[PDB]
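**Student:** Just so it is clear, I am handing over run-v5.txt, which has compact mmCIF, C-alpha atoms and all ligand atoms.
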# COMPACT_ATOMS: atom_id res chain seq x y z
CA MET A 1 -94.46 -10.47 -48.85
CA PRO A 2 -97.89 -11.94 -49.86
CA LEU A 3 -101.40 -10.48 -49.72
CA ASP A 4 -103.24 -10.42 -46.40
CA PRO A 5 -105.70 -13.38 -46.67
CA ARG A 6 -108.68 -11.13 -45.88
CA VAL A 7 -107.69 -8.65 -48.61
CA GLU A 8 -106.99 -11.52 -51.02
CA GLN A 9 -110.62 -12.68 -50.60
CA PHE A 10 -111.97 -9.15 -51.10
CA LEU A 11 -110.10 -8.88 -54.41
CA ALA A 12 -111.14 -12.40 -55.38
CA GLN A 13 -114.85 -11.68 -55.17
CA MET A 14 -115.09 -8.58 -57.34
CA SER A 23 -123.00 8.59 -65.01
CA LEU A 24 -121.17 10.79 -62.50
CA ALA A 25 -124.13 10.92 -60.11
CA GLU A 26 -124.59 7.18 -60.58
CA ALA A 27 -120.97 6.19 -59.81
CA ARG A 28 -121.09 8.50 -56.76
CA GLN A 29 -124.12 6.75 -55.22
CA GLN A 30 -122.51 3.43 -56.11
CA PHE A 31 -119.42 4.52 -54.15
CA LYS A 32 -121.56 5.88 -51.28
CA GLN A 33 -123.49 2.56 -51.35
CA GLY A 34 -120.18 0.63 -51.18
CA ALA A 35 -119.04 2.60 -48.11
CA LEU A 36 -122.29 2.25 -46.14
CA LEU A 37 -122.33 -1.53 -46.81
CA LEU A 38 -118.98 -1.77 -44.99
CA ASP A 39 -120.30 0.44 -42.16
CA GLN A 40 -123.08 -2.15 -41.64
CA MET A 41 -120.63 -5.04 -41.94
CA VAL A 42 -118.51 -3.39 -39.24
CA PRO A 43 -120.52 -0.80 -37.22
CA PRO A 44 -118.63 2.42 -36.29
CA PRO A 45 -118.42 3.48 -32.62
CA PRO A 46 -121.10 6.07 -31.70
CA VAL A 47 -119.81 9.64 -31.34
CA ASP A 48 -121.17 13.17 -30.72
CA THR A 49 -121.26 15.20 -33.96
CA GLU A 50 -122.22 18.75 -34.99
CA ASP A 51 -123.03 19.79 -38.54
CA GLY A 52 -121.81 23.21 -39.67
CA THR A 53 -120.60 25.40 -42.55
CA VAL A 54 -117.36 27.41 -42.98
CA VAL A 55 -117.32 30.62 -45.06
CA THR A 56 -114.43 30.04 -47.50
CA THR A 57 -113.06 32.16 -50.36
CA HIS A 58 -114.67 29.73 -52.82
CA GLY A 59 -118.08 29.58 -51.08
CA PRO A 60 -119.64 27.72 -48.10
CA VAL A 61 -118.13 24.32 -47.26
CA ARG A 62 -120.08 21.91 -45.04
CA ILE A 63 -118.22 20.33 -42.11
CA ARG A 64 -118.83 17.89 -39.27
CA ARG A 65 -117.12 18.33 -35.90
CA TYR A 66 -116.51 15.06 -34.06
CA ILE A 67 -116.26 15.18 -30.28
CA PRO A 68 -114.65 12.31 -28.29
CA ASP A 69 -115.92 10.88 -25.00
CA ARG A 70 -112.62 11.81 -23.38
CA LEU A 71 -110.63 14.68 -24.88
CA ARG A 72 -106.93 13.82 -24.55
CA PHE A 73 -105.20 15.48 -27.53
CA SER A 74 -104.53 19.24 -27.41
CA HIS A 75 -104.97 20.15 -31.10
CA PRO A 76 -107.95 19.73 -33.52
CA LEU A 77 -107.71 17.30 -36.42
CA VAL A 78 -108.84 18.48 -39.85
CA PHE A 79 -109.71 15.55 -42.07
CA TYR A 80 -109.91 15.77 -45.87
CA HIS A 81 -111.56 12.64 -47.29
CA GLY A 82 -110.38 10.60 -50.27
CA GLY A 83 -112.31 9.56 -53.37
CA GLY A 84 -109.97 10.73 -56.13
CA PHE A 85 -111.25 14.37 -55.97
CA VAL A 86 -114.55 13.24 -57.56
CA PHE A 87 -116.14 10.90 -54.98
CA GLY A 88 -116.62 10.83 -51.21
CA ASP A 89 -118.37 12.99 -48.67
CA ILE A 90 -118.54 13.32 -44.87
CA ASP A 91 -120.78 10.22 -44.69
CA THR A 92 -118.45 8.06 -46.79
CA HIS A 93 -115.63 8.59 -44.28
CA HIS A 94 -117.76 8.56 -41.14
CA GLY A 95 -116.26 5.17 -40.26
CA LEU A 96 -112.66 6.38 -40.14
CA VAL A 97 -113.23 9.80 -38.59
CA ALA A 98 -115.46 8.30 -35.89
CA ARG A 99 -112.65 5.94 -34.90
CA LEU A 100 -109.94 8.57 -35.22
CA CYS A 101 -112.00 10.74 -32.87
CA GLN A 102 -112.60 8.12 -30.18
CA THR A 103 -109.36 6.10 -30.43
CA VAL A 104 -107.22 9.25 -30.45
CA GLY A 105 -109.56 11.18 -28.13
CA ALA A 106 -109.43 14.33 -30.30
CA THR A 107 -111.79 16.76 -32.05
CA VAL A 108 -112.03 16.11 -35.77
CA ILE A 109 -113.57 18.43 -38.34
CA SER A 110 -114.40 16.33 -41.37
CA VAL A 111 -114.47 18.65 -44.38
CA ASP A 112 -117.06 18.41 -47.15
CA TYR A 113 -114.78 20.05 -49.74
CA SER A 114 -116.11 20.81 -53.24
CA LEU A 115 -115.83 17.92 -55.70
CA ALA A 116 -114.65 17.67 -59.32
CA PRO A 117 -115.34 18.12 -62.11
CA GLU A 118 -118.02 20.63 -61.00
CA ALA A 119 -115.18 22.36 -59.16
CA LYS A 120 -111.73 22.26 -60.79
CA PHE A 121 -108.21 22.52 -59.41
CA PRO A 122 -107.22 24.35 -57.36
CA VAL A 123 -110.56 25.19 -55.75
CA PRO A 124 -110.61 22.46 -53.00
CA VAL A 125 -107.02 23.18 -52.00
CA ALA A 126 -108.23 26.72 -51.27
CA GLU A 127 -111.27 25.50 -49.36
CA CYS A 128 -109.16 23.15 -47.25
CA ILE A 129 -106.76 25.94 -46.26
CA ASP A 130 -109.62 28.27 -45.32
CA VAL A 131 -111.15 25.56 -43.11
CA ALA A 132 -107.82 24.74 -41.49
CA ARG A 133 -107.33 28.48 -40.86
CA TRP A 134 -110.88 28.55 -39.46
CA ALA A 135 -110.11 25.69 -37.07
CA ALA A 136 -106.88 27.29 -35.91
CA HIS A 137 -108.93 30.37 -34.96
CA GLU A 138 -111.66 28.31 -33.27
CA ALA A 139 -109.27 26.05 -31.36
CA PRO A 140 -108.80 28.35 -28.28
CA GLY A 141 -112.58 28.61 -28.07
CA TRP A 142 -112.74 24.83 -27.57
CA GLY A 143 -109.93 24.82 -24.98
CA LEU A 144 -107.18 23.65 -27.35
CA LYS A 145 -103.88 24.84 -28.86
CA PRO A 146 -104.35 27.06 -31.98
CA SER A 147 -102.14 24.65 -33.97
CA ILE A 148 -104.01 21.95 -35.91
CA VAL A 149 -103.34 18.53 -37.44
CA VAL A 150 -104.29 18.09 -41.10
CA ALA A 151 -105.15 14.54 -42.14
CA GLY A 152 -106.46 12.71 -45.20
CA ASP A 153 -106.58 9.51 -47.24
CA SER A 154 -105.51 9.30 -50.89
CA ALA A 155 -106.86 12.44 -52.63
CA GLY A 156 -107.43 13.77 -49.10
CA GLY A 157 -103.87 12.84 -48.23
CA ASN A 158 -102.86 14.99 -51.21
CA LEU A 159 -104.77 17.96 -49.79
CA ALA A 160 -103.31 17.45 -46.32
CA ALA A 161 -99.86 17.44 -47.92
CA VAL A 162 -100.54 20.60 -49.95
CA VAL A 163 -102.14 22.49 -47.04
CA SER A 164 -99.00 21.72 -45.01
CA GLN A 165 -96.67 23.06 -47.72
CA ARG A 166 -98.65 26.33 -48.02
CA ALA A 167 -99.10 26.62 -44.27
CA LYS A 168 -96.20 29.01 -43.58
CA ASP A 169 -97.10 31.52 -46.31
CA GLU A 170 -100.80 31.37 -45.40
CA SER A 171 -99.92 32.04 -41.71
CA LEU A 172 -101.66 28.81 -40.65
CA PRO A 173 -100.11 26.91 -37.67
CA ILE A 174 -99.90 23.16 -38.32
CA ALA A 175 -98.50 20.87 -35.62
CA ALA A 176 -98.54 17.73 -37.78
CA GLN A 177 -99.74 16.16 -41.04
CA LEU A 178 -101.19 12.64 -41.29
CA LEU A 179 -100.94 11.16 -44.80
CA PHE A 180 -102.81 7.94 -45.49
CA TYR A 181 -101.64 6.38 -48.78
CA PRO A 182 -101.62 9.83 -50.47
CA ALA A 183 -101.22 10.91 -54.08
CA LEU A 184 -98.18 13.23 -54.27
CA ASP A 185 -96.66 13.00 -57.79
CA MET A 186 -98.85 13.22 -60.90
CA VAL A 187 -95.78 13.69 -63.13
CA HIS A 188 -93.55 10.69 -62.43
CA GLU A 189 -94.17 7.02 -63.09
CA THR A 190 -92.81 4.84 -60.27
CA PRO A 191 -92.17 1.08 -59.85
CA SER A 192 -95.24 0.58 -57.62
CA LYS A 193 -97.46 2.67 -59.92
CA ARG A 194 -96.55 0.76 -63.11
CA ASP A 195 -96.34 -2.60 -61.16
CA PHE A 196 -99.76 -2.26 -59.43
CA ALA A 197 -101.61 -0.43 -62.21
CA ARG A 198 -104.47 -2.95 -62.54
CA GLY A 199 -106.22 -5.30 -60.14
CA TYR A 200 -105.46 -3.82 -56.71
CA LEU A 201 -108.64 -1.76 -56.30
CA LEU A 202 -107.02 1.56 -57.23
CA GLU A 203 -106.22 1.35 -60.95
CA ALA A 204 -104.27 3.46 -63.44
CA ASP A 205 -107.21 4.09 -65.77
CA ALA A 206 -109.18 5.41 -62.80
CA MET A 207 -106.25 7.70 -62.00
CA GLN A 208 -105.94 9.15 -65.52
CA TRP A 209 -109.68 9.84 -65.42
CA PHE A 210 -109.66 11.46 -61.98
CA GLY A 211 -106.92 13.77 -63.22
CA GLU A 212 -109.08 14.79 -66.19
CA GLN A 213 -112.00 15.61 -63.89
CA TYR A 214 -109.81 17.53 -61.46
CA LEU A 215 -107.28 19.43 -63.56
CA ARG A 216 -107.91 22.36 -65.92
CA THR A 217 -105.20 21.41 -68.43
CA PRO A 218 -102.51 18.65 -68.44
CA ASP A 219 -99.83 21.15 -67.40
CA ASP A 220 -101.32 21.31 -63.88
CA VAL A 221 -99.53 17.99 -63.18
CA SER A 222 -96.20 19.72 -62.52
CA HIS A 223 -97.81 22.34 -60.24
CA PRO A 224 -96.82 21.89 -56.53
CA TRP A 225 -100.43 22.34 -55.32
CA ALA A 226 -101.22 19.30 -57.49
CA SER A 227 -97.90 17.43 -57.08
CA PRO A 228 -96.52 18.42 -53.61
CA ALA A 229 -93.74 15.85 -54.11
CA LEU A 230 -92.03 18.27 -56.53
CA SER A 231 -91.43 21.09 -54.02
CA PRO A 232 -87.60 21.18 -53.73
CA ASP A 233 -87.52 22.52 -50.15
CA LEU A 234 -89.19 20.60 -47.32
CA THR A 235 -87.36 22.17 -44.34
CA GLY A 236 -89.58 23.12 -41.40
CA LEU A 237 -92.76 21.39 -42.58
CA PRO A 238 -94.96 19.92 -39.78
CA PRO A 239 -94.11 16.43 -38.39
CA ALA A 240 -95.45 13.72 -40.71
CA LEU A 241 -97.09 10.35 -40.29
CA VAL A 242 -96.97 8.75 -43.76
CA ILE A 243 -98.84 5.43 -43.95
CA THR A 244 -98.69 3.36 -47.15
CA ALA A 245 -100.17 0.07 -48.38
CA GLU A 246 -97.80 -2.55 -49.85
CA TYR A 247 -99.64 -3.42 -53.07
CA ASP A 248 -100.66 0.09 -54.08
CA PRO A 249 -99.69 2.22 -57.15
CA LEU A 250 -99.25 5.26 -54.88
CA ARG A 251 -97.02 3.41 -52.43
CA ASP A 252 -93.68 4.52 -53.90
CA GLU A 253 -94.33 8.27 -54.20
CA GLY A 254 -95.69 8.16 -50.61
CA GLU A 255 -92.51 6.52 -49.25
CA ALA A 256 -90.03 8.63 -51.23
CA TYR A 257 -91.81 11.80 -50.06
CA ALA A 258 -91.45 10.48 -46.48
CA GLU A 259 -87.74 9.80 -47.02
CA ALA A 260 -87.46 13.37 -48.35
CA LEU A 261 -89.19 14.94 -45.33
CA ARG A 262 -86.79 12.92 -43.16
CA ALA A 263 -83.78 14.22 -45.11
CA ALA A 264 -85.16 17.77 -44.66
CA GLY A 265 -85.14 17.35 -40.86
CA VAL A 266 -88.91 16.90 -40.54
CA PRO A 267 -89.89 14.42 -37.76
CA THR A 268 -91.29 11.56 -39.79
CA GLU A 269 -92.81 8.21 -39.09
CA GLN A 270 -93.35 6.13 -42.25
CA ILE A 271 -95.24 2.83 -41.99
CA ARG A 272 -96.02 0.26 -44.67
CA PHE A 273 -98.86 -2.16 -43.93
CA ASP A 274 -97.58 -5.32 -45.61
CA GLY A 275 -100.09 -7.31 -47.67
CA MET A 276 -102.59 -4.42 -47.78
CA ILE A 277 -104.07 -2.41 -50.66
CA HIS A 278 -105.04 1.21 -51.26
CA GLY A 279 -108.07 2.48 -49.34
CA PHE A 280 -107.68 0.09 -46.43
CA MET A 281 -108.20 2.73 -43.72
CA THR A 282 -111.78 3.24 -44.89
CA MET A 283 -112.25 -0.56 -45.20
CA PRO A 284 -112.96 -1.80 -41.63
CA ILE A 285 -113.33 -5.46 -42.64
CA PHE A 286 -109.52 -5.46 -42.43
CA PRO A 287 -107.93 -5.47 -38.92
CA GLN A 288 -105.15 -3.29 -40.33
CA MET A 289 -107.48 -0.26 -40.51
CA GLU A 290 -107.73 -0.03 -36.72
CA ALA A 291 -104.06 -1.02 -36.44
CA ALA A 292 -103.25 2.17 -38.40
CA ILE A 293 -105.69 4.26 -36.33
CA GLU A 294 -103.65 3.02 -33.36
CA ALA A 295 -100.49 4.23 -35.15
CA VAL A 296 -102.11 7.68 -35.53
CA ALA A 297 -102.83 7.78 -31.77
CA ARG A 298 -99.25 6.76 -30.81
CA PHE A 299 -97.61 9.18 -33.23
CA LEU A 300 -99.75 12.07 -31.96
CA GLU A 301 -98.73 11.38 -28.35
CA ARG A 302 -95.17 12.22 -29.37
CA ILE A 303 -96.13 15.66 -30.70
CA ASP A 304 -96.12 17.01 -27.10
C1 LIG B 401 -111.72 6.06 -50.17
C2 LIG B 401 -110.30 6.44 -50.57
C3 LIG B 401 -109.79 5.75 -51.83
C4 LIG B 401 -110.38 6.29 -53.14
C5 LIG B 401 -109.51 6.20 -54.42
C6 LIG B 401 -110.34 5.58 -55.57
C7 LIG B 401 -110.63 4.10 -55.43
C8 LIG B 401 -108.85 7.55 -54.76
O1 LIG B 401 -107.51 7.65 -54.18
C9 LIG B 401 -106.47 8.29 -54.78
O2 LIG B 401 -105.46 8.58 -54.19
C10 LIG B 401 -106.65 8.52 -56.25
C11 LIG B 401 -107.22 7.47 -56.97
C12 LIG B 401 -107.45 7.55 -58.32
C13 LIG B 401 -107.07 8.68 -59.01
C14 LIG B 401 -106.49 9.72 -58.33
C15 LIG B 401 -106.24 9.66 -56.97
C16 LIG B 401 -105.60 10.90 -56.41
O3 LIG B 401 -105.90 11.39 -55.35
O4 LIG B 401 -104.75 11.50 -57.28
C17 LIG B 401 -104.02 10.75 -58.30
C18 LIG B 401 -103.94 11.51 -59.62
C19 LIG B 401 -103.05 10.78 -60.65
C20 LIG B 401 -102.98 11.44 -62.03
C21 LIG B 401 -105.31 11.82 -60.24
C22 LIG B 401 -105.82 13.26 -60.09
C23 LIG B 401 -104.92 14.25 -60.82
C24 LIG B 401 -105.25 15.70 -60.56
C1 LIG B 402 -87.51 4.62 -50.40
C2 LIG B 402 -88.43 5.33 -51.37
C3 LIG B 402 -89.26 4.38 -52.23
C4 LIG B 402 -89.93 4.99 -53.47
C5 LIG B 402 -89.53 4.56 -54.90
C6 LIG B 402 -89.89 5.64 -55.94
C7 LIG B 402 -88.86 6.75 -56.11
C8 LIG B 402 -88.08 4.10 -55.03
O1 LIG B 402 -87.95 2.66 -54.89
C9 LIG B 402 -86.69 2.21 -54.93
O2 LIG B 402 -85.72 2.93 -54.98
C10 LIG B 402 -86.59 0.71 -55.06
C11 LIG B 402 -85.87 0.31 -56.18
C12 LIG B 402 -85.67 -1.03 -56.46
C13 LIG B 402 -86.16 -1.99 -55.60
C14 LIG B 402 -86.86 -1.62 -54.47
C15 LIG B 402 -87.08 -0.27 -54.16
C16 LIG B 402 -87.89 -0.04 -52.91
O3 LIG B 402 -88.56 0.94 -52.69
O4 LIG B 402 -87.95 -1.15 -52.18
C17 LIG B 402 -89.16 -1.38 -51.41
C18 LIG B 402 -89.25 -2.86 -51.02
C19 LIG B 402 -89.14 -3.12 -49.50
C20 LIG B 402 -88.34 -2.09 -48.72
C21 LIG B 402 -90.52 -3.50 -51.62
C22 LIG B 402 -90.91 -4.92 -51.17
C23 LIG B 402 -92.39 -5.30 -51.16
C24 LIG B 402 -93.15 -5.11 -52.47
Rewrite the structure from the file as structure tokens, please.
Ligand SMILES: CCCC[C@@H](CC)COC(=O)c1ccccc1C(=O)OC[C@@H](CC)CCCC
Ligand SMILES: CCCC[C@@H](CC)COC(=O)c1ccccc1C(=O)OC[C@@H](CC)CCCC
**Tutor:**
Amino acid sequence: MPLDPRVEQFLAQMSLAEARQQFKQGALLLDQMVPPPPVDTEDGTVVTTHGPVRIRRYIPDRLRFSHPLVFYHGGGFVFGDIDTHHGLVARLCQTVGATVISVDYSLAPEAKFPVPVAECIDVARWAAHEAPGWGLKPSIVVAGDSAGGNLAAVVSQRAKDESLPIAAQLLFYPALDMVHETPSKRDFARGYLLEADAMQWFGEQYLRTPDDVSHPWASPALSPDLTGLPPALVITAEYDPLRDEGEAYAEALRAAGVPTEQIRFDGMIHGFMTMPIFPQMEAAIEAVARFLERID
């Protein structure tokens, strides 16, 4: 099932602080290539158990969905911010007609595992508490892309113990298994934007020691019991190392009686939902909207 022609062409044609700017610079380029919709935003800070975490609450023109979204951005645990993922959250907000809190969680290696996992829970728990004050259901919807998809997944699995109501989880090409090699991983290890060397490195920045790989707050795919987790939208790209662990984990949720929609965007690569030059980005944001209609 061959590459999308638009993605094909993108691939064809190409210090910590330095690489971060570079990645910020790459994002904002795209945001000028394809302007985001305007949206009302508030800046703010949540008092978490690991310090203050900056957040941005998005507010849609029409409010249609009954629960807040909590978005954890990607970037491999080392890159990204609220501004990097403005393009996606903006659209999620307006297309879905929901309130989104984009979380500025602490980055690695200056914060190590499992600090951001903690932050993300505290913020979710904060949003649950705030939700009635906005005229919404206390339940929330966690969402993320890649590393952020990982957090979403982990927050969901801790949700019951942490007494945090979650009505759904949205996983955009997440990382779920740092222990197992998989056909897609292996097969798409170099040349499809997300590479294996990058992934080894990210895991050195993020983890304390190499044994953290088999920890379920790092590898949520390894948790043997998935019964009664929140409904899941699991979106994967075809030519992506993380594709296979994403799809297996979705099959597993489904076998554990968790309402699951899994969707592969054929011909696409990892990161495509923060890459608005592709039509498939907004096609997936449409999938998020449709899925979330079914949650009530
Ligand atoms: C704008 C969104 C895309 C950005 C993308 C980089 C281009 C990052 O997306 C990822 O999913 C990711 C990519 C590379 C490395 C890691 C990840 C990831 O989250 O965990 C994978 C494990 C594997 C050992 C590493 C950390 C181990 C504690
Ligand atoms: C269902 C969970 C997938 C996760 C994975 C890791 C545990 C297990 O994969 C397999 O068991 C597998 C083994 C041999 C051949 C294919 C597959 C497979 O996934 O087929 C995916 C096909 C189209 C449907 C790709 C076509 C486009 C490139």
**Student:** Segment 77-79 of chain A: which residues within 9 Å, counting only C-alpha atoms, same-chain residues fewer than 2 positions away excluded, as a list in words?
**Tutor:**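 The contact residues come out as residues 75, 81, 97, 101, 106, 107, 108, 109, 110, 111, 128, 131, 132, 135, 148, 149, 150, 151, 152, 153, 156, 157 and 160 of chain A.
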**Student:** Can I get the residues close to ligand LIG 402 (chain B) as a PyMOL selection string, where close means within 12 Å and we count all atoms listed in the file?
**Tutor:** chain A and resi 1-3+184-185+188-196+229-230+242+244-263+270-277
**Student:** May I ask you to write as a PyMOL selection string all residues lying at most 9 Å from ligand LIG 401 (chain B), with all atoms listed in the file counted?
**Tutor:** chain A and resi 31+35+81-88+92-93+121+153-159+181-187+201-216+218+220-221+226-227+250+278-283
**Student:** Restrict the selected residues to C-alpha atoms and save them as a short mmCIF file (atom, residue, chain, number, x, y, z; two decimals), in the coordinates of the input.
**Tutor:**
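So the final result, stored in selection-v1.cif, reads:
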data_model
loop_
_atom_site.label_atom_id
_atom_site.label_comp_id
_atom_site.auth_asym_id
_atom_site.auth_seq_id
_atom_site.Cartn_x
_atom_site.Cartn_y
_atom_site.Cartn_z
CA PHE A 31 -119.42 4.52 -54.15
CA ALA A 35 -119.04 2.60 -48.11
CA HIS A 81 -111.56 12.64 -47.29
CA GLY A 82 -110.38 10.60 -50.27
CA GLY A 83 -112.31 9.56 -53.37
CA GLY A 84 -109.97 10.73 -56.13
CA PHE A 85 -111.25 14.37 -55.97
CA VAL A 86 -114.55 13.24 -57.56
CA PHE A 87 -116.14 10.90 -54.98
CA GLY A 88 -116.62 10.83 -51.21
CA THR A 92 -118.45 8.06 -46.79
CA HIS A 93 -115.63 8.59 -44.28
CA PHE A 121 -108.21 22.52 -59.41
CA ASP A 153 -106.58 9.51 -47.24
CA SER A 154 -105.51 9.30 -50.89
CA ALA A 155 -106.86 12.44 -52.63
CA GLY A 156 -107.43 13.77 -49.10
CA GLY A 157 -103.87 12.84 -48.23
CA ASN A 158 -102.86 14.99 -51.21
CA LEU A 159 -104.77 17.96 -49.79
CA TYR A 181 -101.64 6.38 -48.78
CA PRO A 182 -101.62 9.83 -50.47
CA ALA A 183 -101.22 10.91 -54.08
CA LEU A 184 -98.18 13.23 -54.27
CA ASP A 185 -96.66 13.00 -57.79
CA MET A 186 -98.85 13.22 -60.90
CA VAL A 187 -95.78 13.69 -63.13
CA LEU A 201 -108.64 -1.76 -56.30
CA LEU A 202 -107.02 1.56 -57.23
CA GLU A 203 -106.22 1.35 -60.95
CA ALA A 204 -104.27 3.46 -63.44
CA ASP A 205 -107.21 4.09 -65.77
CA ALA A 206 -109.18 5.41 -62.80
CA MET A 207 -106.25 7.70 -62.00
CA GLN A 208 -105.94 9.15 -65.52
CA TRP A 209 -109.68 9.84 -65.42
CA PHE A 210 -109.66 11.46 -61.98
CA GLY A 211 -106.92 13.77 -63.22
CA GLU A 212 -109.08 14.79 -66.19
CA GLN A 213 -112.00 15.61 -63.89
CA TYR A 214 -109.81 17.53 -61.46
CA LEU A 215 -107.28 19.43 -63.56
CA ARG A 216 -107.91 22.36 -65.92
CA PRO A 218 -102.51 18.65 -68.44
CA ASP A 220 -101.32 21.31 -63.88
CA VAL A 221 -99.53 17.99 -63.18
CA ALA A 226 -101.22 19.30 -57.49
CA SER A 227 -97.90 17.43 -57.08
CA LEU A 250 -99.25 5.26 -54.88
CA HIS A 278 -105.04 1.21 -51.26
CA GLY A 279 -108.07 2.48 -49.34
CA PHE A 280 -107.68 0.09 -46.43
CA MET A 281 -108.20 2.73 -43.72
CA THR A 282 -111.78 3.24 -44.89
CA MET A 283 -112.25 -0.56 -45.20
#
**Student:** Would you pick out the contacts of residue 266 of chain A at 7 Å or less, using all atoms listed in the file, so that residues sharing its chain but fewer than 4 positions from it are not included, and give the list as a PyMOL selection string?
**Tutor:** chain A and resi 235-239+261-262
**Student:** Please produce a file of those selected residues containing C-alpha atoms, as a short mmCIF file (atom, residue, chain, number, x, y, z; two decimals), in the frame of the given file.
**Tutor:**
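That gives us result.cif:
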data_model
loop_
_atom_site.label_atom_id
_atom_site.label_comp_id
_atom_site.auth_asym_id
_atom_site.auth_seq_id
_atom_site.Cartn_x
_atom_site.Cartn_y
_atom_site.Cartn_z
CA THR A 235 -87.36 22.17 -44.34
CA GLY A 236 -89.58 23.12 -41.40
CA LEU A 237 -92.76 21.39 -42.58
CA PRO A 238 -94.96 19.92 -39.78
CA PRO A 239 -94.11 16.43 -38.39
CA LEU A 261 -89.19 14.94 -45.33
CA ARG A 262 -86.79 12.92 -43.16
#
**Student:** For a quick check of understanding, using all atoms listed in the file, which of A:116, A:125, A:175, A:296 has the smallest distance to residue 103 of chain A?
**Tutor:**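 Going through A:116, A:125, A:175, A:296 one by one, the smallest distance to residue 103 of chain A is for A:296.
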**Student:** Measure the distance from atom CA of residue 62 of chain A to atom CA of residue 112 of chain A in Å and round it to one decimal.
**Tutor:** 5.1 Å
**Student:** Would you kindly place N, CA, C and O atoms on segment 69-81 of chain A and return the model as an mmCIF file, in the coordinates of the input?
**Tutor:**
data_model
loop_
_atom_site.group_PDB
_atom_site.id
_atom_site.type_symbol
_atom_site.label_atom_id
_atom_site.label_comp_id
_atom_site.auth_asym_id
_atom_site.auth_seq_id
_atom_site.Cartn_x
_atom_site.Cartn_y
_atom_site.Cartn_z
ATOM 1 N N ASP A 69 -115.408 11.059 -26.347
ATOM 2 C CA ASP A 69 -115.920 10.880 -25.000
ATOM 3 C C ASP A 69 -114.967 11.535 -24.003
ATOM 4 O O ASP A 69 -115.375 12.353 -23.184
ATOM 5 N N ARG A 70 -113.694 11.150 -24.094
ATOM 6 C CA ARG A 70 -112.620 11.810 -23.380
ATOM 7 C C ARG A 70 -111.769 12.558 -24.398
ATOM 8 O O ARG A 70 -111.357 11.989 -25.406
ATOM 9 N N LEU A 71 -111.527 13.838 -24.105
ATOM 10 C CA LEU A 71 -110.630 14.680 -24.880
ATOM 11 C C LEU A 71 -109.230 14.598 -24.281
ATOM 12 O O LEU A 71 -109.032 14.977 -23.133
ATOM 13 N N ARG A 72 -108.267 14.088 -25.062
ATOM 14 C CA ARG A 72 -106.930 13.820 -24.550
ATOM 15 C C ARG A 72 -105.876 14.595 -25.339
ATOM 16 O O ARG A 72 -104.880 15.034 -24.768
ATOM 17 N N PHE A 73 -106.106 14.760 -26.647
ATOM 18 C CA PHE A 73 -105.200 15.480 -27.530
ATOM 19 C C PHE A 73 -105.548 16.981 -27.549
ATOM 20 O O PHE A 73 -106.716 17.358 -27.455
ATOM 21 N N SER A 74 -104.501 17.812 -27.697
ATOM 22 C CA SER A 74 -104.530 19.240 -27.410
ATOM 23 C C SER A 74 -104.817 20.070 -28.660
ATOM 24 O O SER A 74 -105.041 21.275 -28.547
ATOM 25 N N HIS A 75 -104.770 19.441 -29.843
ATOM 26 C CA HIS A 75 -104.970 20.150 -31.100
ATOM 27 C C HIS A 75 -106.136 19.528 -31.882
ATOM 28 O O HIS A 75 -106.338 18.319 -31.829
ATOM 29 N N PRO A 76 -106.922 20.306 -32.658
ATOM 30 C CA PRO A 76 -107.950 19.730 -33.520
ATOM 31 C C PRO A 76 -107.342 19.017 -34.733
ATOM 32 O O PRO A 76 -106.319 19.439 -35.271
ATOM 33 N N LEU A 77 -107.995 17.931 -35.146
ATOM 34 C CA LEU A 77 -107.710 17.300 -36.420
ATOM 35 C C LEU A 77 -108.629 17.884 -37.492
ATOM 36 O O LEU A 77 -109.803 18.121 -37.244
ATOM 37 N N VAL A 78 -108.069 18.086 -38.682
ATOM 38 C CA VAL A 78 -108.840 18.480 -39.850
ATOM 39 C C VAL A 78 -108.663 17.406 -40.915
ATOM 40 O O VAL A 78 -107.576 17.214 -41.448
ATOM 41 N N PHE A 79 -109.756 16.710 -41.208
ATOM 42 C CA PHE A 79 -109.710 15.550 -42.070
ATOM 43 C C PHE A 79 -110.277 15.917 -43.445
ATOM 44 O O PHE A 79 -111.395 16.409 -43.544
ATOM 45 N N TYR A 80 -109.485 15.645 -44.491
ATOM 46 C CA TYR A 80 -109.910 15.770 -45.870
ATOM 47 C C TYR A 80 -110.062 14.377 -46.474
ATOM 48 O O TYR A 80 -109.084 13.650 -46.571
ATOM 49 N N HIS A 81 -111.278 14.010 -46.886
ATOM 50 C CA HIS A 81 -111.560 12.640 -47.290
ATOM 51 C C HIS A 81 -110.971 12.333 -48.663
ATOM 52 O O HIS A 81 -110.686 13.221 -49.461
#
